[PDB]
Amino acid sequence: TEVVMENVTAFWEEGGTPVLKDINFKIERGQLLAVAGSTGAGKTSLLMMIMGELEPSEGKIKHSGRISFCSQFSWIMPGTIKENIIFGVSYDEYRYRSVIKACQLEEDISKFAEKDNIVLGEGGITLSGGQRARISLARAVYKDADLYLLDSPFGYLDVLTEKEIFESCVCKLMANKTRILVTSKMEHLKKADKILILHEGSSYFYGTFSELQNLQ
């Protein structure tokens, strides 16, 4: 097992409403967990618990290894698009090119005369929301880690682009890696090894897409 939550309850504020209530799941090494649910349901908070920024009041948690986290709020720091993606990690041409292809960024980059040395975050180019989201995803996927926490990374993307990048990046490029993906899209739940649907902190559903279809 790579990540376990067992009867986890947690609070951001002592004496408040629990942000997570009796949460249970298990991910084996290399599997994909999809975490779904409405705004405020506790999805980012669950990721924060895995990253150690929120401790459980009840229950047990297991996880080891390096984490790579992709925030639901895309961000850019001053520097080239290549510097933003490798972001202090050692550079390898093949690895970098595999990530930008999987994130459909080779298309965007090929159109600039400076190519991967185009400068971001310094008042020149103003990136679209979709461009910033794919750069942020690429940054998180480039990092070598044992666990990838991808919090709603497909912001500003149309449904076909989202589908293509989910398949090329999350399913193929990252096929060997333990992944938690916060997402609500049907294909992503169908392809995940397990699904956790949160509602107001509680487990609305936990199991597989097939199990949910069998309840209809």
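Quick note: we count residues from 1 along the sequence shown, nothing fancier. Throughout, rigid core stands for the largest set of C-alpha atoms superposing within 1.5 Å between the two forms.
Could you tell me which of the two stretches, 119 to 127 or 88 to 96, has its Cα atoms lying farther from the shown structure in 8 other deposited structures of this protein after fitting on the rigid core? Between the two stretches, 119 to 127 moves farther in 8 other deposited structures of this protein.
Other PDB entries, at least a third, lacking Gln216: yes, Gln216 frequently unmodelled elsewhere, at least a third of entries.
Tell me which of 14 to 22 and 191 to 199 has the higher mean C-alpha B-factor in the deposited entry. Comparing 14 to 22 with 191 to 199, the higher mean C-alpha B-factor belongs to 14 to 22.
Going by the average Cα B-factor in the PDB entry, point out whether 65 to 73 or 160 to 168 comes out higher. Comparing averages over the C-alpha atoms only gives 65 to 73.
Between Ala113, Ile85, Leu105, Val119, which carries the biggest CA temperature factor in the record? Going by the entry's C-alpha B-factors, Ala113 comes out highest.
Give the position of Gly123 by CA B-factor within its chain, expressed as the lowest, middle or highest third. Its C-alpha B-factor belongs to the highest third of this chain's values.
Chain-relative CA temperature factor third for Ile50: Ranked within chain, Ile50 CA B lands in the middle tercile.
For the chain shown, is the CA B-factor of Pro153 in the lowest, middle or highest third of its modelled residues? According to the entry, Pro153 has a C-alpha B-factor in the chain's middle third.
Going by what the PDB entry lists, where does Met5 fall on CA B-factor within its chain: lowest, middle or highest third? For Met5, the deposited C-alpha B-factor lands in the lowest third.
Among the chain's modelled residues, which third holds the C-alpha B-factor of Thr39? Answer is middle: the recorded C-alpha B-factor places it there.
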